[PDB]
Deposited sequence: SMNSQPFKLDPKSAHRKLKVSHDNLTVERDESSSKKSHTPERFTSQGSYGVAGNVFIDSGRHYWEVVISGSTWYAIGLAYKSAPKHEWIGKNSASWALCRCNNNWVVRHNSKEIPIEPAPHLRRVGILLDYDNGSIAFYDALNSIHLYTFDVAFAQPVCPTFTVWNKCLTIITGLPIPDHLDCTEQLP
């Protein structure tokens, strides 16, 4: 098992609604919420289910990233971003295009903190999307930004064999 965590409803933008169980975040502009964990070792896998949201960003941030600055427009933030029909990854304000299978519904995030990688997957189809190589300077927390509809996180997952 990798690090189990929930959304921290205290980290959540006033324009977001975090659910009772702290696993879904909905919109009622960097509308964001963090995982309630800082990771500074090991390998960790979690997924996000996307219920038809056309504007969102899923990723990781140093503590030094200010609240709701989590869409990869600084040096402390890495994010997979849907921008309507356009999917990019963003770190340090660099927008790097990716080409997912249409109707990307379930996204895998594999953080290898020790070896210094953030890998994004189409978890449903077992397609690698992009890997960030990082020499992590600080602990990182998962981050979720959503502009419409909702996201659901699944955490504490084994590192799957159905990916590579």
Exercise for the section: Go through the deposited sequence from residue 1 and tell me which stretches lack C-alpha coordinates, in order. Expected result: 1-2, 31-46, 183-188
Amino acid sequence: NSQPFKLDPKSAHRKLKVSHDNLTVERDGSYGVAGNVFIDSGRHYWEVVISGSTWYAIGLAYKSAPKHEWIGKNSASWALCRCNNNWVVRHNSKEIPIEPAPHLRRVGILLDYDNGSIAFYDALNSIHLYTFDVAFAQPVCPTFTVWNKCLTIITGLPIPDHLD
From here on, numbers count along this sequence of modelled residues.
Handout entry: Residue range whose averaged C-alpha B-factor is higher in the record, 96-104 or 109-117
Key = 96-104
Handout entry: Given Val48, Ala135, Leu60, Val33, the residue at which the Cα B factor reaches its maximum
Key = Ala135
Exercise for the section: Would you mind finding, among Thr145, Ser19, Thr155, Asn148, the residue with the largest C-alpha temperature factor in the entry? Expected result: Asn148
Completion exercise
Temperature factor at the Cα of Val88, chain-ranked in thirds, falls in the middle
Problem - Among modelled residues of the same chain, the CA temperature factor third for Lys67 - result: highest
Handout entry: Within-chain third of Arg43 by Cα B-factor, per the entry
Key = middle
